[PDB]
């Protein structure tokens, strides 16, 4: 059984929350585990076509893990690629921090 909407909202909540909690100056270790986290996520995400695309996205636009600001923007753009594919409106990445780090809306 696949409930792709609830799984999708839940999973974006988790991804954007992890990027909002990420350091502005990450350790070399924090950078490496974030890259691996994201790669593995793309292998095991339980919505099979969802997974492969996001996995090609990670290969063609590698996660930017040098800081919170870069990672958050990266996530916002990864999510917007999926929004475009689904004919949903674009999210203003200028407001990624207001939404996910400060928690407004």
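Numbering follows the first chain given and starts at 1.
Worksheet entry | Of 10-18 and 88-96, the one with larger mean CA B-factor | Stretch with the higher mean C-alpha B-factor: 88-96.
Practice prompt. Read off the CA B-factors in the entry, average them over 77-85 and over 19-27, and name the higher stretch.
Written response: Of 19-27 and 77-85, the stretch with the higher C-alpha B-factor average is 19-27.
Fill in: Ranked against its chain, the third holding the CA B-factor of residue 57
Residue 57: CA B-factor falls in the middle third of its chain.
Item to complete: Sort the modelled residues of this chain by their C-alpha B factor and say whether residue 71 lands in the lowest, middle or highest third.
Response: Residue 71: CA B-factor falls in the lowest third of its chain.
Fill in: residue 49, C-alpha B-factor rank within chain (lowest, middle or highest third)
Residue 49: CA B-factor falls in the highest third of its chain.
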